[PDB]
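[1] experimental structure below, sequence on top.
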Amino acid sequence: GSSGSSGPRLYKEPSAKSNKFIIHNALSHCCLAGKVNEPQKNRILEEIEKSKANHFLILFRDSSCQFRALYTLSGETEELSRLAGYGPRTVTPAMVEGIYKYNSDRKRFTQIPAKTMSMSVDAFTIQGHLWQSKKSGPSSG
């Protein structure tokens, strides 16, 4: 026939590697650093503080194209929920074009060798067909 997909996973204790504080800075770093983003930045700094999330990602326009919207990573899965800003209510790892991290040692930005979510991430950019218009629909069965 024609079918076959993944399901459950292994079973290894969790690892508290929250990167919220790393983001709070990413904003004051440049993502949302500036007088023009003085009122917003705060709004973002709050949302995060208000949010009970530990992992926060920064949604850019395309290729570290400044900050567009903030999102939280679902510890239950790999999907991302829309925290604040303006974009897709949620974001899947299938739509994620690329992923990046934040050099907490060099205070810079880096890319991930993987296309999947991970605590070693601090920035991502959804696909391009998203912004553009064409079509949209789920897929599972």
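    That came through fine. Residues are numbered from 1 along each chain as shown.
[2] C-alpha from now on. contacts and neighbour counts both.
    Fine.
[3] the helices in the protein, which residues?
    20-26, 38-50 (DSSP state H).
[4] flag every buried residue along the longest one.
    Using 16 or more other Cα atoms under 10 Å as the burial criterion, the residues of helix 38-50 that qualify are 41, 44, 45, 47, 48.
[5] then the shortest one?
    Under the neighbour-count criterion of 16+ other Cα under 10 Å, helix 20-26 has 20, 22, 23, 24, 25, 26 buried.
[6] from these, which is closest to residue 73?
    Closest to residue 73 out of the buried residues of helix 20-26 is residue 20 (10.8 Å), distances taken as Cα to Cα.
[7] does that closest one touch residue 55 like I think?
    Yes - between residue 20 and residue 55 there is a contact under Cα atoms under 8 Å: 5.6 Å.
[8] next, name the residue at the spatial heart of the chain.
    What sits nearest the mean C-alpha location of the chain, by Cα atoms, centre = their mean, is residue 57, with 3.0 Å.
[9] is it bridged to anything, and to what?
    residue 71 (DSSP bridges).
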